[PDB]
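A.B. asks: Below are the structure tokens for one structure; questions will follow.
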There are 2 protein chains.
Amino acid sequence: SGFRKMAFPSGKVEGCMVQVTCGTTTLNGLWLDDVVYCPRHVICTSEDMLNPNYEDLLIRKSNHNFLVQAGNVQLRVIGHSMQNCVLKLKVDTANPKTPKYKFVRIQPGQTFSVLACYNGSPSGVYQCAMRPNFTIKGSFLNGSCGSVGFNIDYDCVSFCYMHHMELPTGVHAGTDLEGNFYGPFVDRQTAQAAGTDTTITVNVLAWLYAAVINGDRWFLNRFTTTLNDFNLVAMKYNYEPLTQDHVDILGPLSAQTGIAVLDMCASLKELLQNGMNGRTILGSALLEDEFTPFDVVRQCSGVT
Amino acid sequence: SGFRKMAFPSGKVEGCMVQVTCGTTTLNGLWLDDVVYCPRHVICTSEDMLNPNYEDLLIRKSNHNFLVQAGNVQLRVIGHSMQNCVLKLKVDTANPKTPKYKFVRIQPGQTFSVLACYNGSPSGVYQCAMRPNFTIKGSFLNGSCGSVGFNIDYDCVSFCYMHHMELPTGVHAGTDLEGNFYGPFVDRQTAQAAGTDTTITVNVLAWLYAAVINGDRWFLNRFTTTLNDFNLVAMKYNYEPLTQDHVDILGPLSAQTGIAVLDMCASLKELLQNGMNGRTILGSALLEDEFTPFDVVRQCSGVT
Ligand SMILES: Cc1n[nH]cc1CC(=O)Nc1cccc(Cl)c1
Ligand SMILES: Cc1n[nH]cc1CC(=O)Nc1cccc(Cl)c1
């Protein structure tokens, strides 16, 4: 028993990290097969960042200007291309540590593990959620760009995020592995609105089920609610509206605990209206929304 | 910027995990050089667990009774010995993925990363603290025994914990890699007192410094305190007494922020006496004690 903000084991991803330098800028790259993927802003100088013309900046670069190093050994770049906000550097050697992988675009509210890197070397791993407004609340310093987010299913790594930027508000923005930003963000040093965020209701409910499974049950009450009534409360508290698709996803947890989804909604409604009264749930004094229903089942069942 | 409960990259440890089976029991083992380390209770049946005579139980086992598998390949056991609560199975092959390593005994209040495993395969990684009462609040199901806790400094993995047991209270207990339990615990299926725990004061202060570095400063006040006055409050609130050795350890964070340690103590005193008033610090509604001062500096400086 016990419930932790658990990340996927990072070994398969560590084997893909490389350093990419172009001119004066160094960041991380992801080496899969014979391609190294990295943020395109590796080609900018500080003077370019206010509004870079990436097409023009890349035209001044040749393959030999992209210094790619995997540990202590240099990789030979035999092609480069820009796809959206990422550069793809073709190298002459396939990464011998390439795991089985996919590139996926995750939905807002889904979670993933980030392997934070600097200079092509790993610093640490942590789990986070893609916020409903497509930002991430990570731990990323300058030099962390090119660090990636991922999930694993058995032996397959699904890469979903590449880090590009910290907005002036201190939250993070990045792309899928095809270089498309999540959200309205652009890779330039400007203030950019992230827009209204909300709490991931289906994840808070999953985490309440995790709390029941792990012995924390004080918040269970004698009440029930309906999707309509619960959604009036979710509206008031800036929570995402709950749908039958979310209730369906919570089915396995409802079956395991014997607690109907709408009964757990009524527990959540009371917690929103009354607060925790100085009490905690799974070591937290707030309602946690960074565990999906799949995360809860995976952690509570010991999937490897 | 941003501050997360970050674990060390787990790749070097993943390469050491193996499955150990003895009779009907399967758990994890740690393969370093030509030795596999695992909890000695792998030799027990359920009927033995109430009060096992480990010496007698081990006398009934031979090398060939310890089935050790590293991925899909079997390891050949050429010796076995019990050291405290661990078994050391000598194998005929040195682990080719053995990283540079040390076995260390950590102090209460220190943190480490756990790579939770089942059947010799990794499930996930998370960061936690060794509580002042020598328990850990982990995420461990049956089958997770033999999962290890560790820290990394550059290329050296310091193993500090091996998981052995979940007490009836749902908290976890284990040993150093020499098999000595942390705390008063014994490897048997009995109720066992953990004794009074306390909050790790030096870590809460480090985390408040992390909050200031990462922009959360609402809790800073116009006050100061003394070690004596602060410790009267720490006593009331079940916090560890702060010493000059803790103030010295917080020196680098005090230098970086310009906030004297006793001034941060006065902020902590006010938070203890008044609570958070519905506010948060680094996304938490409670005072967090699972980051050491070294963890804060490492994360805020991007050590790899
Ligand atoms: C401080 C930090 N954390 N994670 C990345 C950074 C550096 C950073 O924000 N770079 C940046 C800023 C604006 C635009 C673009 Cl494309 C990149
Ligand atoms: C449920 C769980 N989590 N982590 C380990 C377990 C299984 C467990 O508690 N085993 C156990 C119980 C008593 C004594 C001994 Cl030595 C071992």
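Chain identifiers are assigned as A, B, and so on, following the order in which chains appear in the structure tokens; residues are numbered from 1 within each chain, and ligands are numbered from 1 in order of appearance.
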Got a sec to align chain B on chain A by every in-order Cα pair and hand back the fitted coordinates as an mmCIF file with C-alpha atoms, in the first residue's frame?
C.D. replies:
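Result went into superposed-v4.cif, see below:
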```cif
data_model
loop_
_atom_site.group_PDB
_atom_site.id
_atom_site.type_symbol
_atom_site.label_atom_id
_atom_site.label_comp_id
_atom_site.auth_asym_id
_atom_site.auth_seq_id
_atom_site.Cartn_x
_atom_site.Cartn_y
_atom_site.Cartn_z
ATOM 1 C CA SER B 1 0.000 0.000 0.000
ATOM 2 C CA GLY B 2 0.924 3.661 -0.183
ATOM 3 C CA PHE B 3 0.579 6.086 -3.054
ATOM 4 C CA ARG B 4 3.317 8.186 -4.537
ATOM 5 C CA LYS B 5 3.781 10.602 -7.439
ATOM 6 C CA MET B 6 5.599 7.917 -9.374
ATOM 7 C CA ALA B 7 7.491 8.350 -12.615
ATOM 8 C CA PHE B 8 8.258 5.649 -15.161
ATOM 9 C CA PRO B 9 11.731 4.124 -14.929
ATOM 10 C CA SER B 10 13.936 6.420 -17.038
ATOM 11 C CA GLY B 11 16.641 4.067 -18.297
ATOM 12 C CA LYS B 12 15.274 3.614 -21.813
ATOM 13 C CA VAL B 13 15.062 7.390 -22.224
ATOM 14 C CA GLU B 14 18.477 8.070 -20.641
ATOM 15 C CA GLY B 15 20.005 5.996 -23.401
ATOM 16 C CA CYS B 16 18.601 8.423 -25.991
ATOM 17 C CA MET B 17 19.839 11.723 -24.561
ATOM 18 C CA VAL B 18 22.505 13.672 -26.398
ATOM 19 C CA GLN B 19 23.849 17.235 -26.300
ATOM 20 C CA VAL B 20 23.304 19.502 -29.308
ATOM 21 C CA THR B 21 25.274 22.701 -29.755
ATOM 22 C CA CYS B 22 24.873 25.234 -32.536
ATOM 23 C CA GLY B 23 27.081 28.310 -32.316
ATOM 24 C CA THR B 24 26.960 29.457 -28.695
ATOM 25 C CA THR B 25 23.755 27.605 -27.715
ATOM 26 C CA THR B 26 23.689 24.150 -26.073
ATOM 27 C CA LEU B 27 20.580 22.106 -25.323
ATOM 28 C CA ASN B 28 19.448 18.501 -25.296
ATOM 29 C CA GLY B 29 18.525 16.242 -28.110
ATOM 30 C CA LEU B 30 16.748 12.863 -28.380
ATOM 31 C CA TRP B 31 18.591 10.276 -30.495
ATOM 32 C CA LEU B 32 16.288 7.555 -31.901
ATOM 33 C CA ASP B 33 17.494 5.388 -34.770
ATOM 34 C CA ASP B 34 19.628 7.706 -36.958
ATOM 35 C CA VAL B 35 17.825 10.936 -36.103
ATOM 36 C CA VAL B 36 18.444 13.439 -33.335
ATOM 37 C CA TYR B 37 15.406 15.593 -32.455
ATOM 38 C CA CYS B 38 15.879 18.918 -30.668
ATOM 39 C CA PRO B 39 14.175 22.344 -30.264
ATOM 40 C CA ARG B 40 14.791 24.569 -33.264
ATOM 41 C CA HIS B 41 15.765 27.505 -31.049
ATOM 42 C CA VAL B 42 19.233 25.861 -30.676
ATOM 43 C CA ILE B 43 20.050 27.955 -33.816
ATOM 44 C CA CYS B 44 19.215 31.288 -32.168
ATOM 45 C CA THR B 45 21.390 33.761 -30.410
ATOM 46 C CA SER B 46 19.891 35.882 -27.556
ATOM 47 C CA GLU B 47 19.386 38.741 -30.099
ATOM 48 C CA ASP B 48 17.237 36.429 -32.273
ATOM 49 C CA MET B 49 14.928 35.232 -29.490
ATOM 50 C CA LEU B 50 12.650 38.322 -29.484
ATOM 51 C CA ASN B 51 11.215 37.239 -32.879
ATOM 52 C CA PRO B 52 13.378 34.714 -34.703
ATOM 53 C CA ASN B 53 12.913 34.095 -38.419
ATOM 54 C CA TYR B 54 13.730 30.408 -38.069
ATOM 55 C CA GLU B 55 13.764 29.745 -41.802
ATOM 56 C CA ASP B 56 16.403 32.438 -42.354
ATOM 57 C CA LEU B 57 18.436 31.434 -39.332
ATOM 58 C CA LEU B 58 18.494 27.789 -40.403
ATOM 59 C CA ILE B 59 19.601 28.720 -43.942
ATOM 60 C CA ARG B 60 22.857 30.041 -42.432
ATOM 61 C CA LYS B 61 23.579 26.641 -40.843
ATOM 62 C CA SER B 62 25.127 23.554 -42.377
ATOM 63 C CA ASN B 63 25.252 19.985 -41.046
ATOM 64 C CA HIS B 64 28.747 20.606 -39.571
ATOM 65 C CA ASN B 65 27.432 23.498 -37.455
ATOM 66 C CA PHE B 66 25.296 21.080 -35.347
ATOM 67 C CA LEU B 67 27.608 19.526 -32.808
ATOM 68 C CA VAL B 68 25.981 16.415 -31.434
ATOM 69 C CA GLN B 69 27.638 14.504 -28.639
ATOM 70 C CA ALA B 70 26.350 11.254 -27.064
ATOM 71 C CA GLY B 71 28.262 10.927 -23.817
ATOM 72 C CA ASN B 72 31.872 11.651 -24.759
ATOM 73 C CA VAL B 73 31.583 10.707 -28.453
ATOM 74 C CA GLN B 74 30.769 12.917 -31.336
ATOM 75 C CA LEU B 75 28.006 12.034 -33.820
ATOM 76 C CA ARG B 76 28.389 12.864 -37.509
ATOM 77 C CA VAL B 77 25.479 14.959 -38.921
ATOM 78 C CA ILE B 78 24.588 14.099 -42.505
ATOM 79 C CA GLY B 79 21.309 16.006 -42.827
ATOM 80 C CA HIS B 80 19.135 18.565 -41.124
ATOM 81 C CA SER B 81 15.524 19.593 -41.456
ATOM 82 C CA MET B 82 13.076 21.673 -39.532
ATOM 83 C CA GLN B 83 9.638 20.191 -38.871
ATOM 84 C CA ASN B 84 7.405 22.751 -37.089
ATOM 85 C CA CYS B 85 9.432 23.803 -33.964
ATOM 86 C CA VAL B 86 11.843 20.854 -33.967
ATOM 87 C CA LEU B 87 15.045 20.159 -35.827
ATOM 88 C CA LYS B 88 15.721 16.605 -37.031
ATOM 89 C CA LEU B 89 19.436 15.994 -37.436
ATOM 90 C CA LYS B 90 20.153 12.894 -39.462
ATOM 91 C CA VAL B 91 23.268 11.206 -38.130
ATOM 92 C CA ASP B 92 25.384 8.455 -39.693
ATOM 93 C CA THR B 93 24.905 6.054 -36.758
ATOM 94 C CA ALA B 94 21.686 4.510 -35.429
ATOM 95 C CA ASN B 95 21.490 4.795 -31.644
ATOM 96 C CA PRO B 96 22.321 1.286 -30.426
ATOM 97 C CA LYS B 97 20.216 1.943 -27.305
ATOM 98 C CA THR B 98 17.064 2.908 -29.294
ATOM 99 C CA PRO B 99 14.130 1.395 -27.439
ATOM 100 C CA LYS B 100 10.806 0.436 -29.066
ATOM 101 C CA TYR B 101 9.088 3.813 -29.376
ATOM 102 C CA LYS B 102 6.209 5.859 -30.683
ATOM 103 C CA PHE B 103 5.618 9.565 -30.968
ATOM 104 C CA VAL B 104 2.206 10.460 -29.553
ATOM 105 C CA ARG B 105 0.259 13.665 -29.002
ATOM 106 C CA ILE B 106 -1.258 13.513 -25.545
ATOM 107 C CA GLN B 107 -4.537 15.014 -24.541
ATOM 108 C CA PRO B 108 -4.822 17.733 -21.882
ATOM 109 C CA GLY B 109 -5.256 16.125 -18.467
ATOM 110 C CA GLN B 110 -3.009 13.151 -19.298
ATOM 111 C CA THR B 111 0.172 12.557 -17.342
ATOM 112 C CA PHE B 112 3.744 11.705 -18.291
ATOM 113 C CA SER B 113 7.251 11.456 -16.866
ATOM 114 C CA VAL B 114 9.880 14.015 -17.637
ATOM 115 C CA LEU B 115 13.605 13.200 -17.632
ATOM 116 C CA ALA B 116 15.097 16.659 -16.978
ATOM 117 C CA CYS B 117 18.479 16.973 -18.679
ATOM 118 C CA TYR B 118 21.287 19.458 -19.040
ATOM 119 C CA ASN B 119 24.172 19.157 -21.518
ATOM 120 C CA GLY B 120 22.767 15.810 -22.701
ATOM 121 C CA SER B 121 22.981 14.352 -19.183
ATOM 122 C CA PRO B 122 20.097 13.405 -16.929
ATOM 123 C CA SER B 123 19.426 15.366 -13.777
ATOM 124 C CA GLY B 124 16.226 13.718 -12.572
ATOM 125 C CA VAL B 125 12.831 12.298 -13.320
ATOM 126 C CA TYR B 126 9.410 13.444 -12.241
ATOM 127 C CA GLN B 127 5.804 12.890 -13.087
ATOM 128 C CA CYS B 128 3.478 15.662 -14.166
ATOM 129 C CA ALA B 129 0.239 16.421 -15.986
ATOM 130 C CA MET B 130 -0.413 18.263 -19.217
ATOM 131 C CA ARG B 131 -2.681 21.025 -17.801
ATOM 132 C CA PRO B 132 -6.068 21.641 -19.439
ATOM 133 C CA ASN B 133 -4.531 24.904 -20.781
ATOM 134 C CA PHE B 134 -1.646 22.958 -22.350
ATOM 135 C CA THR B 135 1.058 24.223 -20.033
ATOM 136 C CA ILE B 136 3.101 22.012 -17.757
ATOM 137 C CA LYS B 137 4.216 22.896 -14.230
ATOM 138 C CA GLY B 138 7.704 21.396 -14.451
ATOM 139 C CA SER B 139 11.150 21.865 -12.958
ATOM 140 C CA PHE B 140 13.247 23.180 -15.780
ATOM 141 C CA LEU B 141 16.144 25.581 -15.773
ATOM 142 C CA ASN B 142 17.843 27.232 -18.782
ATOM 143 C CA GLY B 143 19.651 24.425 -20.648
ATOM 144 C CA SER B 144 16.808 21.914 -20.004
ATOM 145 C CA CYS B 145 15.289 22.463 -23.477
ATOM 146 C CA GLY B 146 15.121 19.270 -25.430
ATOM 147 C CA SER B 147 14.312 17.270 -22.252
ATOM 148 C CA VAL B 148 11.405 14.950 -23.052
ATOM 149 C CA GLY B 149 8.198 13.686 -21.584
ATOM 150 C CA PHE B 150 7.062 10.105 -22.043
ATOM 151 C CA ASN B 151 4.981 7.128 -20.952
ATOM 152 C CA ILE B 152 5.913 3.441 -21.181
ATOM 153 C CA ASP B 153 3.729 0.450 -21.934
ATOM 154 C CA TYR B 154 5.752 -2.751 -21.328
ATOM 155 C CA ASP B 155 8.836 -2.186 -23.592
ATOM 156 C CA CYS B 156 7.529 0.707 -25.720
ATOM 157 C CA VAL B 157 8.323 4.306 -24.913
ATOM 158 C CA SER B 158 5.698 6.766 -26.178
ATOM 159 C CA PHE B 159 7.324 10.165 -26.357
ATOM 160 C CA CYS B 160 4.733 12.896 -25.945
ATOM 161 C CA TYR B 161 6.585 16.082 -25.036
ATOM 162 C CA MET B 162 9.785 17.978 -25.784
ATOM 163 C CA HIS B 163 10.568 20.984 -23.561
ATOM 164 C CA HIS B 164 10.997 24.364 -25.293
ATOM 165 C CA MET B 165 10.274 27.279 -23.045
ATOM 166 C CA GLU B 166 9.476 28.816 -19.714
ATOM 167 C CA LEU B 167 6.884 31.540 -20.073
ATOM 168 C CA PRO B 168 7.368 34.764 -18.092
ATOM 169 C CA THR B 169 4.811 33.395 -15.591
ATOM 170 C CA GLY B 170 7.140 30.504 -14.717
ATOM 171 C CA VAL B 171 5.093 27.721 -16.332
ATOM 172 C CA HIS B 172 6.410 25.545 -19.116
ATOM 173 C CA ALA B 173 5.564 24.998 -22.740
ATOM 174 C CA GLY B 174 6.698 22.542 -25.330
ATOM 175 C CA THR B 175 5.835 20.400 -28.286
ATOM 176 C CA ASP B 176 4.967 16.966 -29.425
ATOM 177 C CA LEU B 177 7.892 15.127 -31.168
ATOM 178 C CA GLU B 178 6.683 16.440 -34.525
ATOM 179 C CA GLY B 179 7.426 19.959 -33.165
ATOM 180 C CA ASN B 180 3.831 21.125 -32.785
ATOM 181 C CA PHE B 181 3.371 23.156 -29.594
ATOM 182 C CA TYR B 182 0.796 22.047 -27.099
ATOM 183 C CA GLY B 183 -1.377 25.153 -26.684
ATOM 184 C CA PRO B 184 -1.150 28.545 -28.376
ATOM 185 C CA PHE B 185 2.525 29.051 -27.684
ATOM 186 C CA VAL B 186 5.254 30.140 -30.041
ATOM 187 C CA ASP B 187 8.995 29.718 -29.591
ATOM 188 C CA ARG B 188 9.921 33.295 -29.024
ATOM 189 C CA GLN B 189 10.806 35.480 -26.045
ATOM 190 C CA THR B 190 7.484 37.216 -25.655
ATOM 191 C CA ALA B 191 4.749 37.347 -23.012
ATOM 192 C CA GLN B 192 2.097 34.837 -24.143
ATOM 193 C CA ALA B 193 -1.310 34.196 -22.637
ATOM 194 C CA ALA B 194 -1.834 30.624 -21.443
ATOM 195 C CA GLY B 195 -5.517 31.177 -20.775
ATOM 196 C CA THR B 196 -7.714 29.786 -18.097
ATOM 197 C CA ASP B 197 -6.689 26.539 -16.529
ATOM 198 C CA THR B 198 -8.947 24.215 -14.632
ATOM 199 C CA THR B 199 -8.605 21.252 -12.311
ATOM 200 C CA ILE B 200 -8.690 17.796 -13.938
ATOM 201 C CA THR B 201 -11.833 16.373 -12.374
ATOM 202 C CA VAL B 202 -11.513 12.794 -13.599
ATOM 203 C CA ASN B 203 -7.994 12.707 -12.096
ATOM 204 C CA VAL B 204 -9.091 14.081 -8.696
ATOM 205 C CA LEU B 205 -11.787 11.344 -8.630
ATOM 206 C CA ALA B 206 -9.172 8.726 -9.565
ATOM 207 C CA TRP B 207 -6.944 9.987 -6.745
ATOM 208 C CA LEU B 208 -9.865 9.801 -4.275
ATOM 209 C CA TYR B 209 -10.342 6.158 -5.347
ATOM 210 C CA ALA B 210 -6.555 5.678 -4.802
ATOM 211 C CA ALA B 211 -7.051 7.133 -1.305
ATOM 212 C CA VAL B 212 -9.841 4.657 -0.523
ATOM 213 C CA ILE B 213 -7.765 1.733 -1.849
ATOM 214 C CA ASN B 214 -4.816 2.866 0.301
ATOM 215 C CA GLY B 215 -6.895 3.258 3.513
ATOM 216 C CA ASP B 216 -7.755 6.994 3.534
ATOM 217 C CA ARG B 217 -11.536 7.031 3.647
ATOM 218 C CA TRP B 218 -12.538 9.859 6.061
ATOM 219 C CA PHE B 219 -14.004 11.931 3.200
ATOM 220 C CA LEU B 220 -16.560 9.291 2.141
ATOM 221 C CA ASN B 221 -20.017 10.505 3.039
ATOM 222 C CA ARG B 222 -23.683 9.371 2.987
ATOM 223 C CA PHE B 223 -24.430 11.363 -0.165
ATOM 224 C CA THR B 224 -24.803 10.927 -3.867
ATOM 225 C CA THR B 225 -25.116 13.464 -6.734
ATOM 226 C CA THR B 226 -25.909 13.541 -10.470
ATOM 227 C CA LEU B 227 -23.606 14.590 -13.353
ATOM 228 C CA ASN B 228 -25.714 17.752 -13.726
ATOM 229 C CA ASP B 229 -25.566 18.728 -10.042
ATOM 230 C CA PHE B 230 -21.888 17.850 -9.734
ATOM 231 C CA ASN B 231 -21.097 19.910 -12.853
ATOM 232 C CA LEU B 232 -22.804 22.979 -11.357
ATOM 233 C CA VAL B 233 -20.288 22.661 -8.440
ATOM 234 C CA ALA B 234 -17.365 21.927 -10.822
ATOM 235 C CA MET B 235 -18.270 25.151 -12.682
ATOM 236 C CA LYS B 236 -18.172 27.191 -9.439
ATOM 237 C CA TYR B 237 -14.806 25.694 -8.464
ATOM 238 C CA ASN B 238 -13.045 25.821 -11.873
ATOM 239 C CA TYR B 239 -13.093 22.056 -12.343
ATOM 240 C CA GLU B 240 -13.522 20.436 -15.755
ATOM 241 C CA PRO B 241 -17.113 19.220 -16.402
ATOM 242 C CA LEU B 242 -17.423 15.490 -15.792
ATOM 243 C CA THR B 243 -18.825 13.416 -18.674
ATOM 244 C CA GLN B 244 -20.039 9.825 -19.055
ATOM 245 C CA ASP B 245 -16.732 9.128 -20.872
ATOM 246 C CA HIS B 246 -14.930 10.086 -17.618
ATOM 247 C CA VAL B 247 -17.397 7.977 -15.557
ATOM 248 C CA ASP B 248 -16.681 5.039 -17.928
ATOM 249 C CA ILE B 249 -12.915 5.475 -17.506
ATOM 250 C CA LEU B 250 -13.403 5.390 -13.699
ATOM 251 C CA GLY B 251 -15.367 2.102 -13.986
ATOM 252 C CA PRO B 252 -12.546 -0.237 -12.961
ATOM 253 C CA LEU B 253 -11.808 1.845 -9.830
ATOM 254 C CA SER B 254 -15.505 2.029 -8.965
ATOM 255 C CA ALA B 255 -15.642 -1.792 -9.353
ATOM 256 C CA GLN B 256 -12.588 -2.370 -7.175
ATOM 257 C CA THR B 257 -13.812 -0.134 -4.366
ATOM 258 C CA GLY B 258 -17.524 -0.763 -4.608
ATOM 259 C CA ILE B 259 -18.084 3.021 -4.658
ATOM 260 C CA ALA B 260 -20.265 4.276 -7.475
ATOM 261 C CA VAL B 261 -18.718 7.123 -9.473
ATOM 262 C CA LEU B 262 -21.544 9.523 -8.573
ATOM 263 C CA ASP B 263 -21.146 8.697 -4.890
ATOM 264 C CA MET B 264 -17.420 9.617 -5.190
ATOM 265 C CA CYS B 265 -18.557 12.790 -6.990
ATOM 266 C CA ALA B 266 -20.663 13.631 -3.919
ATOM 267 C CA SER B 267 -17.595 13.161 -1.699
ATOM 268 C CA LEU B 268 -15.679 15.510 -4.045
ATOM 269 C CA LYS B 269 -18.545 18.022 -4.012
ATOM 270 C CA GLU B 270 -18.447 18.121 -0.197
ATOM 271 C CA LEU B 271 -14.643 18.501 -0.188
ATOM 272 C CA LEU B 272 -14.921 21.418 -2.648
ATOM 273 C CA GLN B 273 -17.652 23.122 -0.590
ATOM 274 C CA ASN B 274 -16.218 22.480 2.893
ATOM 275 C CA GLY B 275 -12.489 22.083 2.304
ATOM 276 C CA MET B 276 -10.344 19.573 4.145
ATOM 277 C CA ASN B 277 -10.748 21.188 7.647
ATOM 278 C CA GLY B 278 -7.024 20.756 8.313
ATOM 279 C CA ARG B 279 -7.089 17.070 7.335
ATOM 280 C CA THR B 280 -5.081 15.268 4.614
ATOM 281 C CA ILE B 281 -5.661 12.699 1.896
ATOM 282 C CA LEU B 282 -2.694 10.570 0.816
ATOM 283 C CA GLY B 283 -0.325 13.095 2.450
ATOM 284 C CA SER B 284 -1.833 16.056 0.581
ATOM 285 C CA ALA B 285 -3.800 19.013 1.974
ATOM 286 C CA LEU B 286 -5.268 19.766 -1.469
ATOM 287 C CA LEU B 287 -7.220 17.814 -4.067
ATOM 288 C CA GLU B 288 -4.636 16.223 -6.333
ATOM 289 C CA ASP B 289 -5.234 16.134 -10.089
ATOM 290 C CA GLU B 290 -1.968 14.670 -11.455
ATOM 291 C CA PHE B 291 -2.960 10.998 -11.425
ATOM 292 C CA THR B 292 -5.138 9.621 -14.184
ATOM 293 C CA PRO B 293 -7.446 6.655 -13.600
ATOM 294 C CA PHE B 294 -4.907 4.531 -15.597
ATOM 295 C CA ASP B 295 -2.066 5.805 -13.318
ATOM 296 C CA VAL B 296 -4.003 4.772 -10.227
ATOM 297 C CA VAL B 297 -4.744 1.261 -11.481
ATOM 298 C CA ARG B 298 -1.135 0.845 -12.718
ATOM 299 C CA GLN B 299 0.378 1.919 -9.415
ATOM 300 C CA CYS B 300 -2.120 0.029 -7.256
ATOM 301 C CA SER B 301 -1.595 -3.181 -9.334
ATOM 302 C CA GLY B 302 2.221 -3.081 -9.680
ATOM 303 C CA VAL B 303 2.455 -2.999 -13.488
ATOM 304 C CA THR B 304 6.086 -3.333 -14.702
#
```
A.B. asks: As a ChimeraX atom specification, please: every residue in stretch 74-231 of chain A that a backbone DSSP assignment puts in strand (DSSP E).
C.D. replies: /A:74-75,77-83,86-91,100-103,111-118,121-129,148-153,156-166,172-175
